[PDB]
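J.: Residue numbers (mature numbering (1 follows the signal peptide of the UniProt record, and there is no 0)): 1 to 19, 27 to 58, 68 to 158, 164 to 565, 571 to 717. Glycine included, every Cβ here is placed at the ideal spot set by N, Cα and C.
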Ligand SMILES: *[C@@H]1O[C@H](CO)[C@@H](O[C@@H]2O[C@H](CO)[C@@H](O[C@@H]3O[C@H](CO)[C@@H](O)[C@H](O)[C@@H]3O)[C@H](O)[C@H]2NC(C)=O)[C@H](O)[C@H]1NC(C)=O
Ligand SMILES: *[C@@H]1O[C@H](CO)[C@@H](O)[C@H](O)[C@H]1NC(C)=O
Ligand SMILES: *[C@@H]1O[C@H](CO)[C@@H](O)[C@H](O)[C@H]1NC(C)=O
Ligand SMILES: *[C@@H]1O[C@H](CO)[C@@H](O)[C@H](O)[C@H]1NC(C)=O
Ligand SMILES: *[C@@H]1O[C@H](CO)[C@@H](O)[C@H](O)[C@H]1NC(C)=O
Ligand SMILES: *[C@@H]1O[C@H](CO)[C@@H](O)[C@H](O)[C@H]1NC(C)=O
Ligand SMILES: *[C@@H]1O[C@H](CO)[C@@H](O)[C@H](O)[C@H]1NC(C)=O
Ligand SMILES: *[C@@H]1O[C@H](CO)[C@@H](O)[C@H](O)[C@H]1NC(C)=O
Ligand SMILES: *[C@@H]1O[C@H](CO)[C@@H](O)[C@H](O)[C@H]1NC(C)=O
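1) Can you list the residues near ligand 2, meaning Cβ strictly closer than 6 Å to any non-hydrogen atom, in the order they appear in the chain?
2) State the Cα-Cα distance for the pair residue 144 and residue 110, rounded to the nearest angstrom.
3) Looking only at C-alpha atoms, which of 291, 692, 654 and 376 sits nearest to residue 314?
4) Can you tell me where the beta strand (DSSP E) with residue 357 in it begins and where it stops?
5) Which residue from 604, 561, 588 and 537 puts its Cα closest to that of residue 577?
6) Pull up the DSSP beta-bridge partners for residue 255, would you.
7) Leaving out five residues before and five after residue 35 in sequence, what residues of the same chain have Cβ atoms less than 6 Å from its Cβ?
8) From the DSSP secondary-structure annotation, give me the bridge partner or partners of residue 699.
9) Quick one: residues in its chain with C-beta nearer than 8 Å to the C-beta of residue 93, no 5 flanking neighbours on either side, listed in chain order?
10) Residues in the same chain with beta-carbon distance under 7 Å from residue 140, minus the five sequence neighbours each way, listed in chain order, please.
11) Beta carbon of residue 239: closer than 7 Å to some heavy atom of ligand 4?
12) Report yes if the C-beta distance between residue 150 and residue 197 is below 8 Å; otherwise report no.
13) Could you name the residues of the same chain whose beta carbon sits closer than 8 Å to that of residue 448, not counting the 5 residues immediately before and after it, in chain order?
14) Relative to the C-alpha of residue 341, which candidate in 311, 593 and 327 has its C-alpha closest?
15) Are residue 479 and residue 509 closer than 8 Å when you measure CB to CB?
16) If you reduce the DSSP assignment to three classes, tell me which class residue 106 lands in.
17) Which term fits residue 504, buried or exposed, when burial requires 16 or more other beta carbons within 10 angstroms of its beta carbon?
18) Compute the distance between the beta-carbons of residue 502 and residue 521, then report whether it is under 8 Å.
19) Less than 7 Å between the CB of residue 356 and some heavy atom of ligand 7, yes or no?
20) If you compare alpha carbons, which of 97, 189, 128 and 194 is closest to residue 138?
21) Do you know how far the Cα of residue 303 is from the Cα of residue 454?
22) Can you list every residue whose CB sits closer than 6 Å to some heavy atom of ligand 7, going in chain order?
23) Could you give the first and the last residue of the continuous beta strand (DSSP E) run that contains residue 517?
24) Tell me where the beta strand (DSSP E) around residue 278 begins and ends.
25) Helix, strand or coil for residue 431 per DSSP?
26) Give me the residue from 165, 173 and 68 with the minimum Cα distance to residue 181.
27) DSSP state of residue 690, grouped into three classes?
28) Which residues does DSSP list as the beta-bridge partners of residue 491?
29) Cβ of residue 584 within 7 Å of any heavy atom in ligand 8?
30) To the nearest angstrom, how far is the alpha carbon of residue 237 from that of residue 274?
31) Please tell me whether, using a cut-off of 7 Å, the distance from the CB of residue 621 to the nearest non-hydrogen atom of ligand 9 is below it.
32) For residue 108 versus residue 32, is the C-beta distance shorter than 8 Å?
33) Does DSSP put residue 582 in a helix, in a strand, or in coil?
34) Suppose you measure from the CA of residue 667 to the CA of residue 701; what does that come to, to the nearest Å?
35) To which residues of the same chain is residue 692 closer than 8 Å at the C-beta, ignoring the five residues directly before and after it?
36) In angstroms with no decimal places, state the Cα-to-Cα distance between residue 333 and residue 511.
Now the structure itself:
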């Protein structure tokens, strides 16, 4: 490629800037960067910040922000050689209003019981560039007292330390912070009234550390100041989440109406006045609830049993999830209630190694007299909430569980996106719930956690993703049944999905007598086999290995057009699209030359050196002639002429002088190649008098 030259970029600065390698502007202004490029063919330009991208030789950002600052890249490519890249660092600049805060420090003195008070005046401001701080008490401070930047701060903060605090120091101190007026940014000031009444905030709360309540109850909390100068600002907050709904803040008073169980949590009242540590009082609000009452049958452990056998230990545990967990109390009944007071032979244990906070009675030397219906009742002492119970019949019939997959739903295949339903079925007395997990990987579930409880033994997946395709485990719970090694069973999940073929579009060129073959290849797809391929031409079907091929015997006017191969797996369809013709490629205008020729500076005429190259001359039938059209933008009528080609090769520069052009005006130039097939791809350009 003799005349083809690789791209070359150069960034240029415009829009608003201020004051080498960097483009500094005030936040809120507008950025305007332009990428000038050269090389042939004329390269295209995208602005990016990664090296996302905007396809434009000029980058323009209105009302720029702090974060939009950074390094920007102009990328320019044309096919020939290595793409051109150029960088520029945009440094958006700003100066917010400074914050002024103060705290005291009392400290001992060597060999003395006298004490020295020290105040720290801390001035913080976020700014680009690094700010400049000046301190004043009406007058500028230099010396006796000290200025510095404290630790754990990168110059955004300066502190004025007043070591021994004598009355004359009690004045108004004012931090004035400047950005050097760079980018014409004003300085800003903040002042503080340091007085012997100045004091950090303090609060008193009308309720205890932790407050227990029932659902529905209205609860109101008064948070009142007990100290603070300046007058601090009191604020309530909640974790997790925000306060509302159903809760109103008078200010200081926080009331919660019709409290729901999910409203439980920490409510924090905090006072701030930029003096000392902000005061906070914290109350933990606990709404009562009881959920998920569960029992466990644990056969003799020491005899390593998994089954109810006479002459063995049988533990029957009991548990429920409650907010004031420590406050629950359990009652064990049996065909009516003995309240588990027997002890001898049958005994109560409330806290063994078993799960947390579980009442569990043991039966030593199990007897037929122990076969019965046992009930455990969890309750809160004199609480309005309802009690919860768990019945568990023990008899000869009670037996550990077994789990299986029904029929051959072991592997269940579905198409991506649809819903999937995995099923396990469990047998035993009692029948425990099933816990579904994934085994091929460690991912979560419908419930968003590693495992999911289910009693119907069904696991439903609404929007199934191919990523989810894998193996899944279903197993017996250790609760609401035997507490034994869970029984397990696996099911496979195939997530089929439609094909993806290549190329989506391809522009194919070839001479008039010659042949061409189009291939549509399948890259991804489950099933990964071409079930069928169907080729169409300009809308109509044609008659006809991982891919499909079609051969156009003779690329002619009758055969040239758009070909579509619709490849499909048993699940979906996807298509390649080919454009076949014997049209020559577009001419590529050459932009980098001094062009105009003044004809005797008279007749109001100049001439233009129109130059270009022919893209891929040997891709189709040889180029015979170019059709040249010239319009001057001002007259509708156009002068059409034909250039006859002498000879050409890839990259050869072509020329044609346009003879009669009004001396000031510009023109549109349309250049079309002609082969035996006819008109190739037309190209266009605007020419102008330069000098
Ligand atoms: C209802 O209550 C029962 C227990 O009373 C809950 O079963 C418990 O579920 C948790 C997981 O949520 C299990 O803890 C986990 O154990 C694995 C190891 O097995 C560990 O890797 C995890 O970090 C986590 O600690 C716990 O073992 C299990 N307890 C029993 C006795 O099986 C059940 O989840 C509750 N259901 C609901 C809907 O609240
Ligand atoms: C570049 O962006 C401007 C708007 O900022 C737009 O007017 C112009 O047409 C764009 N350039 C191109 C080549 O589209
Ligand atoms: C503080 O200063 C004021 C006058 O500025 C004075 O009335 C007061 O006694 C001083 N001492 C205290 C503890 O406020
Ligand atoms: C809380 O107040 C509302 C009316 O403001 C009332 O309907 C509700 O019953 C109150 N809460 C209780 C526990 O009574
Ligand atoms: C908060 O409520 C109490 C009475 O419940 C009242 O004395 C106090 O003024 C209230 N505070 C506000 C800011 O309304
Ligand atoms: C409220 O205080 C608790 C206890 O100190 C704390 O865990 C929680 O993060 C705090 N929440 C807020 C919003 O301050
Ligand atoms: C226990 O057995 C009784 C009668 O034998 C029955 O009414 C009750 O429903 C059974 N309980 C369970 C949990 O099966
Ligand atoms: C197919 O359609 C394209 C676009 O309309 C057209 O250029 C071509 O001549 C058509 N081919 C035939 C054989 O009609
Ligand atoms: C100047 O241009 C006009 C219009 O294009 C043409 O008629 C005329 O012959 C030209 N004169 C010369 C001296 O080239």
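T.: Looking at the coordinates:
1) 72, 74 and 76
2) 5 Å
3) 376
4) It is not in any beta strand (DSSP E) - residue 357 carries neither H nor E in the DSSP assignment.
5) 537
6) 292
7) 79
8) 652
9) 7, 50, 51, 99 and 100
10) 114, 115, 177 and 178
11) yes
12) yes
13) 422, 423, 424 and 425
14) 311
15) no
16) strand
17) buried
18) no
19) no
20) 194
21) 40 Å
22) 394, 412 and 414
23) 509–523
24) Careful: residue 278 lies outside any beta strand (DSSP E) and carries neither H nor E.
25) coil
26) 165
27) coil
28) 514
29) yes
30) 19 Å
31) no
32) yes
33) coil
34) 16 Å
35) 658, 659, 712, 713, 714 and 715
36) 33 Å
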